[PDB]
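Participant: Here you go, one structure.
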Amino acid sequence: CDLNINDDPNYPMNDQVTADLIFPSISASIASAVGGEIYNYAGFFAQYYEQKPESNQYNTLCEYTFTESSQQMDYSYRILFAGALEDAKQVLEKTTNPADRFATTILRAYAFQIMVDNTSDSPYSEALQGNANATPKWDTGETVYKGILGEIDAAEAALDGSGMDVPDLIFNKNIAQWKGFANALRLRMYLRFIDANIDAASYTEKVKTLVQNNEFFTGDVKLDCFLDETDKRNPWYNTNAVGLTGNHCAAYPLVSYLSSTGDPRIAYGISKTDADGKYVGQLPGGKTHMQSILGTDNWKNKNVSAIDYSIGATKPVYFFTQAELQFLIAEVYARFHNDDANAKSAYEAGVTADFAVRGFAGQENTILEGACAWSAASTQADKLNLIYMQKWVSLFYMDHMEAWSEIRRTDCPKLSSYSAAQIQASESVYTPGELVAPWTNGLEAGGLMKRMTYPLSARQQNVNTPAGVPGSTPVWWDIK
Amino acid sequence: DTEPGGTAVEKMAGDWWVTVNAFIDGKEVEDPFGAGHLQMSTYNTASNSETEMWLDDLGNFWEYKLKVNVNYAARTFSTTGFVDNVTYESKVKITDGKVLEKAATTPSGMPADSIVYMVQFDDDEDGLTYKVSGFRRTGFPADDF
Amino acid sequence: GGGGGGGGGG
Amino acid sequence: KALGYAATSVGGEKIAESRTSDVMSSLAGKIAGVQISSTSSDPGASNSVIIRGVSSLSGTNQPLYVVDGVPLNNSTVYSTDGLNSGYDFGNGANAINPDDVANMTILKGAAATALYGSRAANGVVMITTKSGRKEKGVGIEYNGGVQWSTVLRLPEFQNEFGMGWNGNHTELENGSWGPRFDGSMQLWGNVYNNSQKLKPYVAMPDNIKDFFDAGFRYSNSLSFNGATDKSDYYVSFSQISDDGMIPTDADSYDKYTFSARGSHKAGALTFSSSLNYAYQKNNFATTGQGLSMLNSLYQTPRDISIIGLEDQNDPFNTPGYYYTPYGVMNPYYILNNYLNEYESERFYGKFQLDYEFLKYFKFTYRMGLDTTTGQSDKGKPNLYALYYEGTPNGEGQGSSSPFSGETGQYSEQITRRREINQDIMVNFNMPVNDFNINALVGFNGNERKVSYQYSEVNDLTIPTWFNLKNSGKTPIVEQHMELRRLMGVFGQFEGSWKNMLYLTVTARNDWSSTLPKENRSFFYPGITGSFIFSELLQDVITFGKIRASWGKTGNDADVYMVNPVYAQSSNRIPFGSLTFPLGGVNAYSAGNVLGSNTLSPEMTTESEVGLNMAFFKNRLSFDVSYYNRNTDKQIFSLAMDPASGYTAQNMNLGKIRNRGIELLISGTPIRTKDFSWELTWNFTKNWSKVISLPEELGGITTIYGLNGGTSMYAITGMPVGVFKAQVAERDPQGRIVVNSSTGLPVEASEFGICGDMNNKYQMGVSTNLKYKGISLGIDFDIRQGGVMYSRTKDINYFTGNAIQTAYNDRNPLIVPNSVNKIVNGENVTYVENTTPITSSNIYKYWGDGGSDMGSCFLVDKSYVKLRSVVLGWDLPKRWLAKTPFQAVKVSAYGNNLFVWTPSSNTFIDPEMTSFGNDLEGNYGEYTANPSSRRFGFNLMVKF
Amino acid sequence: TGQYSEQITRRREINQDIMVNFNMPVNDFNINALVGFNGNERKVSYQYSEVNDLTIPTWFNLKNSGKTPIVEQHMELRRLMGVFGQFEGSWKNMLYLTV
Ligand SMILES: [Mg+2]
Ligand code: NA
Ligand code: NA
Ligand code: NA
């Protein structure tokens, strides 16, 4: 009866586990969230899809009737912080290689940036400490952005020239692509400082400097990685097409805009209606009302166009679509460089890139000439509204968590002043493309969703967790 | 056997398919406004009294909604004078209103509950008394209009 | 850390 | 009895008279401070035995079973996902043959445990098996019985409305929210070959009661017995085969045992040995929220005939054309085409060497072995490849079909358990004057091991065939093993004075594998006193006894709770997982449970005092015990803020406390040579209280719960098992708030504490008649208090089948105290509500829990039950005489015969769970199969 | 590139004999007969799982590999029943004839 046997034999000896073995986890775990349930709810808040008539599940999301206790992002706060960010911290006390630390640090900065855009506060300076601080203060958003944007800056400066010794399922050890990611993160974050009107002098010239050097990434920044088997699929397809049945159907704003602009991408991700063959979004929060107003046999699944999961089984998780990177560049031209010809290039550049990804290459014209041409945009604010409404289409079925942040910053699509029930009544008062406030709205203050709840597991365990605020409290960089 | 329960005035609440006649010159006039069958609702009050119930045309006739008084045992309901309309600041007067169990017949040919009540509006510039009367909605679409 | 139910159809 | 803590001894005859497959279920309500519940009425399932409440926050609270007197393996085999694939296959002690039990003795205190080690902290169930004779004549006892079961309690259904949603009519609904019953001919279900079934729109109340058959079960027992003045021999074989009331063979339990036990004295030296083999094959009609059999049965309109859905030449019942596509399948199909099998071979037994020497001494060596193999084979068809294209269930349902992506799965797991235990003792027993010293000093060594191999295969090529090669996609493979070891040394001193004052002093010290190297050792003493007065004219007081005992009992951790591990990288996402390797890369993640090498041994301190008296020649008798049980420094994987990098941390909890009163009354109001009438009243009142959980990790920790739903916890100031659910908002005083526009209640800011799990008090009464050779026994089991989650109530509310949902004759209504909240900026103002819940939205008012909202589905745990009824006719010896019988006793019995429950509960027999037979099972019932009403016969033939 | 594998085999035989024996001397003869029934059931099964190209080069464990695993499963079951009889003849402990 030897007793020294308490080393768990279902796991490797700890000294045998090194960075290259840990590092692949971060990418994937971060993508379990941003691409998984986070993306899933964010897709409602930015009004791409709605709850299918004949099923319940996402009722509380579409209808903004959820509370802090509904744990709508508890599974993801656990992944970003107890997998992703610890594994980050483990890699960082295991490798001395700069180019890996840079890759790790960026992915570290990404998690925080996702946590922030969801709860505008996030543990940071005290998190990822063990028993020595089980209850970390929730640093402020502006604090956290400034910190990670200064982690990226500090890690870049320490590069020396060596390559990566690490499995890179994202860029395959291509340093030059990581610096693009990092510079596009900077571009993304700088623009929010500007429109939150914080230090907006520097961040305007910093962005002016960023786009001038055009040292961004090529292609899309993705985890191309999933097979259609089991435990291996796209997080969103796993959750909503295998674990559950089909809960998603298309929203009224996305189907209007796409159908008003003649856009052929309406057939990518969406399906015609099983009944008349037309494209039919559902009004946000409108599942039960439409069922009261029309019949019961008149608002079943077959009367609203469902979302298509066909394309999703192996569809990757996107961290920064190029189409978005062009749609941020065009914005920086039309409003901080006064350079209508570059902005036009980038604006056309985005739409070009998206039409490639959806398998519609060579149809970039259909909107770049009709309705959505840059010439039809007379006002140097109409142009913005063309950039912005197209970044929104750019992100449909690509990076929903972003689209919702980009809706909150730029506040485009504009919120329609008509109510859901008004629009359902006389559809002609609807400027197509505008978000409709949910029909059943559980926000006392009405309006659109602006932030996730804090995570219930932080509520219960971390006494320093900021106290709750309604869905309608804005995020630290959303100031209108 | 478990008694399901009910609001204090349950047997007189419900959705209804009604038609609106008018008494013009002592002779009843079948559907003057050319309204067709309209939907309306009766439901208990927040006070859960067995003495007042709401009466709601759901905006398909004159756009009215007022608390009537209620005699549950008799299955009748009526106002005392003109009462505040809640839909749009008006006044309404309900008279000789009843709810008659399984007395009616549906479009499909099945029994159902007749409702009948006389009504007047303080801004009916004709000064007319109307006769609302329908039956309780089944839910079968064949019994719809 | 918890467990998901699903709703049904109707 | 020199025992100075509570205890209770039950005769083999009373154990096996009830004729249950199982040694404990018949003692369900019959022993104070011993809470005995069965997990369900599925054949073969686990049984729960908790004594003086839950001391172990997770998750071990059975008592140490001890057969001869060797620790017996009591492990349990049930599903790690009770929500989607729920099944329960056995308890360790289900193997023991009740016809081989001679005496049970349930030690309840945790103060004199040195003999039986640390696991005793939860009580000890000392079993002692039959032995030798001589006796007329040859030694054979034969028991062969036959029993049926019948459904006991179904939910109270409603028969006012039929198929539909929003209140309108519908041909395809999985629920009953439709028009009022006309009797008018209407359509239902899918269209096949341009035809459709058309039937009177009438209710059918029995349509579920009619689904079920009567389970049957046959039993056969045999024993061979004999002895000499120096030896004894018992050889036995039991056999059971059960096919429960769910239709098909899907609810199956087969039990076989074979045991040979013998002793022999030459000396001085005695040597004995028990060896036993136990087989079982189970099949479980799985529960869950998916395409399972029950959840598919409740989701049936009140007008639909369930016994007509069975024939499969009626194309309207084949998976493609079944009347409803809403996450539901034909029940008859689910039972007929799914697989969930468990088989088990067990060997356990003992060797014992007793050698007496030097007048006063006895040396005893005792080795026990208990080793098990068990094999699960679950599988499900490729529903998709077989039925998707073409059928309207089908292509016609698009992304939402029940068949996606049900592409078929098959797994297989082989589990191996082994524990060897060694006892080496030397007793001492001498009488001086009127004193009597007995001491015992011993050594105990214990080693326990479990390991299992798992392989799963998805997306089956040949759709029906369940084999680890019928697949084109990568297989999944898992492998685990655990090893713990414990040595210890113990002394027990028995003092005595002229059969009047008994004093006991135990002390043990263990060294455990599962505690950090630097702190392996923990010591626990115990002191027990027993004072019989009585011994101090009146033949009125037969017996009197006053009891006191103060003792401790330490414990160790579960395995591998000190070192941090790295796991193979996998992330849990809602209803899925994204597990490495991908693609072609493998990877490891830092384990999410922080370890700790600062742990210290768990410690349980108990304070107990009792009184026992008997009067009038044992015709009135009462025993009372009061106990104060603390359990400090229990190692637990306490929850923690994930932002810290970990999801929990292993540390030493605070005190979990059980105080209470254990009281038994029994009297014989009648006695003749030809008729006796006994009564018995036992009463248990326990107070459970988590005293503190380490401050720095917050106050609370979850024990079980849904994500954003009803979840049961363990909070600092409260009992073990405080629920929280979504309660409805209420204004500054009244006053259900509802939505201005729908009418429906409005969730509050936080969940609300909605009860604990614990019965406030439990009690039981029993009567026993005898008239010449006739026996009659009756027992009732009373528990009142507590609360449990019930998806049974949940799905019959969602579906509109439960009686409660015809509330307002389903006419529009205003929630009778409703109030809208008027918020502008930070101005809050409340107004009488004016918006009704419409007809179209009645379905949702109940779907979410009424005005209770979610918390509506915590059901009143309380019930009263007709536990058992046992009629036994011992044939009089003169009858037979020309026959080879030494005795015949025809017997007729019933179990779980009737349940009574408090009004609010018209849904379940509260004795249910889908989460196992220990603490987490207290969370509730997740559409577990209905409980059942068992009754039958049994014949005894002694030869 | 490394390999680890694990197989769990399970075997089980049940044999059953049910006999009756007859032993009567007559004069100097001796007649011993035996009539019986045999029952035999033999089953074997295994579950094998193998894993190649080990990630942590030394540790042996089905979760230690970035490549697909291999999985094998097997079972045989045969049963037999027979009836038999053995006759034993004897003459003053000198002749011994058996059939
Ligand atoms: Mg981790
Ligand atoms: Na904004
Ligand atoms: Na059965
Ligand atoms: Na009623």
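For the structure tokens, the naming scheme is as follows: chains receive sequential letters (A, B, ...) according to their order of presentation, residues are indexed from 1 within each chain, and ligands are indexed from 1 in presentation order.
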Please, which residues of chain B lie no more than 8 Å from chain D when the count uses only C-alpha atoms, and can they be set out as a ChimeraX atom specification?

Facilitator: /B:2-7,10-11,13-15,41-48,110,138-141

Participant: Kindly determine which residues of chain A lie within 10 Å of chain B, considering only C-alpha atoms, and give the answer as a PyMOL selection string.

Facilitator: chain A and resi 295-297

Participant: Save out the residues we just selected, N, CA, C and O atoms, as a PDB file, in the first residue's frame.

Facilitator:
```
ATOM      1  N   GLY A 295     -53.231  35.132 -38.851  1.00  0.00           N
ATOM      2  CA  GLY A 295     -53.763  33.954 -38.186  1.00  0.00           C
ATOM      3  C   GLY A 295     -52.813  33.232 -37.242  1.00  0.00           C
ATOM      4  O   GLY A 295     -51.855  33.806 -36.724  1.00  0.00           O
ATOM      5  N   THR A 296     -53.097  31.965 -36.973  1.00  0.00           N
ATOM      6  CA  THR A 296     -52.079  31.082 -36.440  1.00  0.00           C
ATOM      7  C   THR A 296     -51.478  30.237 -37.545  1.00  0.00           C
ATOM      8  O   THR A 296     -50.259  30.097 -37.613  1.00  0.00           O
ATOM      9  N   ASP A 297     -52.310  29.745 -38.462  1.00  0.00           N
ATOM     10  CA  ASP A 297     -51.865  29.046 -39.649  1.00  0.00           C
ATOM     11  C   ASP A 297     -51.328  29.992 -40.680  1.00  0.00           C
ATOM     12  O   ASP A 297     -51.054  29.563 -41.796  1.00  0.00           O
TER      13      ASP A 297
END
```

Participant: Once DSSP has gone over the backbone, tell me which residues of region 173-357 of chain A are in strand (DSSP E), as a ChimeraX atom specification.

Facilitator: /A:221-223,248-250,317-320

Participant: Let me have all residues with an atom within 7 Å of ligand 3, counting only C-alpha atoms and all ligand atoms, laid out as a PyMOL selection string.

Facilitator: chain D and resi 215+243-252

Participant: Looking at D:776, D:218, D:118, D:289, which one is nearest to residue 5 (chain C), with distances taken over only C-alpha atoms?

Facilitator: D:289

Participant: Rounded to one decimal, what separation in Å do you get between CA of residue 686 (chain D) and CA of residue 624 (chain D)?

Facilitator: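 Computed distance, CA of residue 686 (chain D) to CA of residue 624 (chain D), equals 13.6 Å.
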
Participant: Write out as a ChimeraX atom specification each polymer residue whose atoms come within 8 Å of region 410-419 of chain A, counting only C-alpha atoms; drop sequence neighbours fewer than 5 positions from it.

Facilitator: /A:195,385,388-389,392,429-431,433-437,439,480

Participant: Let me have all residues with an atom within 12 Å of ligand 2, counting only C-alpha atoms and all ligand atoms, laid out as a VMD selection string.

Facilitator: chain A and resid 192 195 to 197 404 to 415 447 to 451 472 to 480

Participant: Could those residues be written to a file, using C-alpha atoms, as a PDB file, in the first residue's frame?

Facilitator:
```
ATOM      1  CA  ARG A 192     -13.966  54.062 -30.973  1.00  0.00           C
ATOM      2  CA  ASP A 195     -16.347  58.536 -31.565  1.00  0.00           C
ATOM      3  CA  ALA A 196     -16.569  58.148 -27.809  1.00  0.00           C
ATOM      4  CA  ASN A 197     -14.871  61.541 -27.898  1.00  0.00           C
ATOM      5  CA  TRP A 404     -23.412  44.956 -33.128  1.00  0.00           C
ATOM      6  CA  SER A 405     -20.480  46.988 -31.842  1.00  0.00           C
ATOM      7  CA  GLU A 406     -20.247  48.861 -35.140  1.00  0.00           C
ATOM      8  CA  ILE A 407     -23.953  49.570 -34.969  1.00  0.00           C
ATOM      9  CA  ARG A 408     -23.496  51.029 -31.518  1.00  0.00           C
ATOM     10  CA  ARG A 409     -20.501  53.201 -32.388  1.00  0.00           C
ATOM     11  CA  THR A 410     -21.594  54.673 -35.711  1.00  0.00           C
ATOM     12  CA  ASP A 411     -25.312  54.367 -34.778  1.00  0.00           C
ATOM     13  CA  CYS A 412     -25.911  53.210 -38.336  1.00  0.00           C
ATOM     14  CA  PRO A 413     -28.302  51.593 -39.419  1.00  0.00           C
ATOM     15  CA  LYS A 414     -30.299  54.476 -38.025  1.00  0.00           C
ATOM     16  CA  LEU A 415     -33.028  53.538 -35.570  1.00  0.00           C
ATOM     17  CA  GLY A 447     -34.966  51.446 -27.791  1.00  0.00           C
ATOM     18  CA  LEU A 448     -32.335  48.949 -28.891  1.00  0.00           C
ATOM     19  CA  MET A 449     -29.981  46.695 -26.985  1.00  0.00           C
ATOM     20  CA  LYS A 450     -26.728  48.305 -25.907  1.00  0.00           C
ATOM     21  CA  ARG A 451     -24.868  45.858 -23.659  1.00  0.00           C
ATOM     22  CA  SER A 472     -30.310  49.824 -22.361  1.00  0.00           C
ATOM     23  CA  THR A 473     -27.314  51.251 -20.524  1.00  0.00           C
ATOM     24  CA  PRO A 474     -24.772  52.197 -23.203  1.00  0.00           C
ATOM     25  CA  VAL A 475     -21.193  50.983 -23.327  1.00  0.00           C
ATOM     26  CA  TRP A 476     -18.319  53.292 -22.402  1.00  0.00           C
ATOM     27  CA  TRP A 477     -17.710  54.270 -26.038  1.00  0.00           C
ATOM     28  CA  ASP A 478     -21.369  54.478 -27.076  1.00  0.00           C
ATOM     29  CA  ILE A 479     -22.327  58.084 -26.367  1.00  0.00           C
ATOM     30  CA  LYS A 480     -25.413  58.422 -28.570  1.00  0.00           C
TER      31      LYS A 480
END
```

Participant: Under the rule of at most 10 Å, produce a per-residue listing of chain E near chain D: chain, number, name, the closest pair of atoms, and the distance in Å, as a Markdown table, using only C-alpha atoms.

Facilitator:
```
| residue | atom | partner | partner_atom | distance |
| --- | --- | --- | --- | --- |
| E:6 | CA | D:453 | CA | 8.5 |
| E:7 | CA | D:453 | CA | 8.7 |
| E:8 | CA | D:414 | CA | 7.6 |
| E:9 | CA | D:414 | CA | 9.5 |
| E:10 | CA | D:373 | CA | 8.8 |
| E:12 | CA | D:345 | CA | 10.0 |
| E:46 | CA | D:414 | CA | 9.4 |
| E:47 | CA | D:414 | CA | 8.0 |
| E:48 | CA | D:455 | CA | 8.8 |
| E:49 | CA | D:477 | CA | 7.4 |
| E:50 | CA | D:477 | CA | 9.1 |
| E:51 | CA | D:477 | CA | 9.2 |
| E:54 | CA | D:586 | CA | 9.4 |
| E:55 | CA | D:586 | CA | 6.8 |
| E:56 | CA | D:586 | CA | 9.6 |
| E:61 | CA | D:479 | CA | 7.5 |
| E:62 | CA | D:479 | CA | 6.4 |
| E:63 | CA | D:568 | CA | 6.9 |
| E:64 | CA | D:586 | CA | 7.7 |
| E:65 | CA | D:586 | CA | 6.2 |
| E:66 | CA | D:586 | CA | 4.4 |
| E:67 | CA | D:584 | CA | 5.9 |
| E:68 | CA | D:474 | CA | 6.1 |
| E:69 | CA | D:475 | CA | 6.5 |
| E:70 | CA | D:475 | CA | 7.3 |
| E:71 | CA | D:468 | CA | 6.9 |
| E:72 | CA | D:468 | CA | 6.6 |
| E:73 | CA | D:468 | CA | 6.3 |
| E:74 | CA | D:467 | CA | 9.2 |
```

Participant: Report as a PyMOL selection string which protein, DNA and RNA residues come within 10 Å of ligand 1, using only C-alpha atoms and all ligand atoms.

Facilitator: (chain A and resi 22+25-26+29+78-90) or (chain D and resi 565-567+569-571+588-594+642+645-647)

Participant: Go ahead and dump the residues you just picked, C-alpha atoms, as a PDB file, in the first residue's frame.

Facilitator:
```pdb
ATOM      1  CA  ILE A  22      -0.914  25.222 -25.063  1.00  0.00           C
ATOM      2  CA  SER A  25      -6.059  26.480 -27.421  1.00  0.00           C
ATOM      3  CA  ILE A  26      -6.328  30.262 -27.318  1.00  0.00           C
ATOM      4  CA  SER A  29     -11.349  28.968 -27.256  1.00  0.00           C
ATOM      5  CA  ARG A  78     -15.927  31.145 -18.717  1.00  0.00           C
ATOM      6  CA  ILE A  79     -14.118  30.388 -21.970  1.00  0.00           C
ATOM      7  CA  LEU A  80     -12.540  33.774 -22.598  1.00  0.00           C
ATOM      8  CA  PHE A  81     -11.329  33.992 -19.041  1.00  0.00           C
ATOM      9  CA  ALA A  82     -10.762  30.462 -17.683  1.00  0.00           C
ATOM     10  CA  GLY A  83      -9.481  28.905 -20.851  1.00  0.00           C
ATOM     11  CA  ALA A  84      -8.324  31.508 -23.312  1.00  0.00           C
ATOM     12  CA  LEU A  85      -6.763  34.035 -21.003  1.00  0.00           C
ATOM     13  CA  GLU A  86      -5.191  31.583 -18.561  1.00  0.00           C
ATOM     14  CA  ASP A  87      -3.688  29.631 -21.486  1.00  0.00           C
ATOM     15  CA  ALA A  88      -2.435  32.965 -22.731  1.00  0.00           C
ATOM     16  CA  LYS A  89      -0.870  33.593 -19.321  1.00  0.00           C
ATOM     17  CA  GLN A  90       0.584  30.103 -19.320  1.00  0.00           C
TER      18      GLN A  90
ATOM     19  CA  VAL D 565      -3.352  19.229 -14.311  1.00  0.00           C
ATOM     20  CA  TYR D 566      -3.412  20.186 -17.948  1.00  0.00           C
ATOM     21  CA  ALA D 567      -6.256  18.667 -19.902  1.00  0.00           C
ATOM     22  CA  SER D 569      -8.041  21.247 -24.888  1.00  0.00           C
ATOM     23  CA  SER D 570     -11.827  21.317 -25.182  1.00  0.00           C
ATOM     24  CA  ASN D 571     -14.373  24.093 -24.740  1.00  0.00           C
ATOM     25  CA  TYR D 588      -3.530  21.103 -23.919  1.00  0.00           C
ATOM     26  CA  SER D 589      -5.238  23.670 -21.684  1.00  0.00           C
ATOM     27  CA  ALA D 590      -4.634  24.642 -18.062  1.00  0.00           C
ATOM     28  CA  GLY D 591      -7.105  22.764 -15.912  1.00  0.00           C
ATOM     29  CA  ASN D 592     -10.007  24.899 -14.774  1.00  0.00           C
ATOM     30  CA  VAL D 593     -10.065  23.625 -11.179  1.00  0.00           C
ATOM     31  CA  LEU D 594      -7.263  25.108  -9.125  1.00  0.00           C
ATOM     32  CA  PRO D 642     -13.633  32.479 -13.798  1.00  0.00           C
ATOM     33  CA  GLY D 645      -8.154  32.003 -14.455  1.00  0.00           C
ATOM     34  CA  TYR D 646      -9.948  29.073 -12.864  1.00  0.00           C
ATOM     35  CA  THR D 647     -13.552  28.012 -12.608  1.00  0.00           C
TER      36      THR D 647
END
```

Participant: Quick one: residues within 10 Å of region 506-513 of chain D, only C-alpha atoms counted, chain neighbours fewer than 5 positions away excluded, as number ranges by chain?

Facilitator: A: 1-6; D: 111-118, 439-447, 483-494, 519-528, 551-560, 601

Participant: Suppose you want the space between CA of residue 841 (chain D) and CA of residue 797 (chain D); what is it in Å?

Facilitator: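 It comes out at 13.6 Å.
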
Participant: Could the residues of chain D within 10 Å of chain C, counting only C-alpha atoms, be given as a PyMOL selection string, please?

Facilitator: chain D and resi 81-84+164-166+170+172-177+288-290+299+324-328+400+572-575+639+647-648+702-709+711+795+798-799+843+847

Participant: Would you kindly return, as a PyMOL selection string, each protein, DNA or RNA residue with an atom no farther than 10 Å from any atom of residue 94 (chain A), considering only C-alpha atoms and excluding same-chain residues fewer than 6 positions away?

Facilitator: chain A and resi 17-20+22+88+101

Participant: Select, as number ranges by chain, those residues of chain A with any atom no more than 8 Å from chain C (distances computed using only C-alpha atoms).

Facilitator: A: 54-57, 75, 244

Participant: Could those residues be written to a file, using N, CA and C atoms, as a short mmCIF file (atom, residue, chain, number, x, y, z; two decimals), in the first residue's frame?

Facilitator:
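Listing of out_27.cif after writing:
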```
data_model
loop_
_atom_site.label_atom_id
_atom_site.label_comp_id
_atom_site.auth_asym_id
_atom_site.auth_seq_id
_atom_site.Cartn_x
_atom_site.Cartn_y
_atom_site.Cartn_z
N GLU A 54 -42.45 28.68 -35.37
CA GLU A 54 -42.88 27.44 -34.74
C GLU A 54 -41.91 26.93 -33.70
N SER A 55 -40.90 27.68 -33.30
CA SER A 55 -40.11 27.22 -32.19
C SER A 55 -39.85 28.35 -31.23
N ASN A 56 -39.63 27.99 -29.97
CA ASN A 56 -39.17 28.90 -28.94
C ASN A 56 -37.72 28.56 -28.64
N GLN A 57 -37.04 29.49 -27.97
CA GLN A 57 -35.66 29.35 -27.50
C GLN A 57 -35.12 30.73 -27.29
N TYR A 75 -21.56 31.00 -20.36
CA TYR A 75 -20.67 30.03 -20.99
C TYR A 75 -19.47 30.68 -21.66
N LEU A 244 -29.69 22.00 -31.12
CA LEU A 244 -31.07 22.43 -31.16
C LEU A 244 -31.64 22.14 -32.55
#
```

Participant: Restrict the calculation to only C-alpha atoms, then for each residue of chain A with any atom at most 9 Å from an atom of chain E give the closest atom pair and their distance in Å to one decimal, rows by chain and rising residue number, as a Markdown table.

Facilitator:
```
| residue | atom | partner | partner_atom | distance |
| --- | --- | --- | --- | --- |
| A:10 | CA | E:61 | CA | 7.7 |
| A:11 | CA | E:61 | CA | 8.5 |
| A:12 | CA | E:59 | CA | 6.5 |
| A:13 | CA | E:59 | CA | 8.3 |
| A:16 | CA | E:56 | CA | 7.1 |
| A:17 | CA | E:56 | CA | 7.6 |
| A:21 | CA | E:55 | CA | 8.4 |
```

Participant: Tell me, as a compact mmCIF listing (two decimals) with N, CA and C atoms, in the first residue's frame, which residues lie within 8 Å of residue 30 (chain E), counting only C-alpha atoms; anything in the same chain fewer than 6 positions away does not count.

Facilitator:
```
# COMPACT_ATOMS: atom_id res chain seq x y z
N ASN E 23 -26.85 -48.31 -10.37
CA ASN E 23 -25.75 -49.19 -9.94
C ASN E 23 -26.32 -50.33 -9.09
N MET E 24 -26.60 -51.47 -9.74
CA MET E 24 -27.20 -52.62 -9.09
C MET E 24 -26.40 -53.88 -9.42
N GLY E 89 -20.62 -52.46 -17.76
CA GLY E 89 -20.90 -53.83 -17.36
C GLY E 89 -19.73 -54.52 -16.68
N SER E 90 -20.01 -55.55 -15.89
CA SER E 90 -19.01 -56.08 -14.98
C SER E 90 -19.37 -57.51 -14.60
N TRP E 91 -18.36 -58.38 -14.53
CA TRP E 91 -18.52 -59.80 -14.21
C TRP E 91 -17.42 -60.19 -13.23
N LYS E 92 -17.79 -60.37 -11.96
CA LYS E 92 -16.87 -60.82 -10.91
C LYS E 92 -15.51 -60.13 -11.00
```

Participant: With only C-alpha atoms as the counted atoms, please give the residues lying no more than 8 Å from residue 39 (chain E), apart from itself and same-chain residues fewer than 3 positions off, as a VMD selection string.

Facilitator: chain E and resid 14 to 17 79 to 82
